[PDB]
């Protein structure tokens, strides 16, 4: 009886992830991939039919920015969506048979609890860094992708502070280490909010990505599938030109590490509510996003 149309505490989300894996031990496993600055576990749901050998997989990332609540809420509905529609929807069922889905609903647990209890708009980690009394680094400026180039601040008090060095944030290192150890990821989708954008590399430079053509095509296909639920409109493009320069971003790191299908979703809305998206929009957001996610995943299934 988990209300997927409500925003939840970290505790509740972690627990629901556990129930999902309990109800589908055949299909879903809660794996701890690391810990946060404040020593909270980082949990992923692994979805698979491959009996424990490394298959090709897509990484679904959410909640790297803690105030972006629709992100985590969508990610956990999607956990339930994937299991509930396995062998009832040709679409996922066909994806799952070919490949594994790794889902990280709260990539920044410390920040998330901090938004729930202290500061609703908090964005960064809660790492405490020598040099300043300011707290946290922006985990989406912390990756080893033109780290510390244009598109990030070196002022620790900045919302977009890149941190002391690439992968300094243990939350980020945890994902990097785990994806690299695995070594055969094919898709990487990072969920954020808000603005309704679906973007692809690069953010650290105006340079076109070698796969820029196909990326835009898929993005647009996925954008259209998403629109086909309730009419929600997305714009598409590379990060640097669509929003701004951003150095050390996750989808750029991924793409430069041989994951071709690297996309960012900025979910709802466009500014009416902003970060404070009312709970009554979680499911509608999650339904539509699902189609865009499947479209991308189908496309990855087929290029394999």
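Numbering follows the first chain given and starts at 1.
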| query | finding |
| --- | --- |
| Mean Cα B-factor comparison, 139-147 or 115-123, giving the higher one as deposited | 139-147 |
| Segment of higher mean CA temperature factor, 19-27 or 278-286 | 19-27 |
| Deposited CA B-factor, highest of 106, 134, 91, 172 | 91 |
| Candidate residues 178, 86, 194, 77, the one whose C-alpha B factor the record puts highest | 86 |
| B-factor third for the C-alpha atom of residue 110 within its chain | lowest |
| Residue 69 - Cα temperature factor, lowest/middle/highest third of chain | lowest |
| Third of the chain, ranked by Cα B-factor, where residue 250 sits | middle |
| Residue 46 CA temperature factor, ranked by third within the chain | middle |
| Third assignment of residue 128 from its chain's C-alpha B-factors | middle |
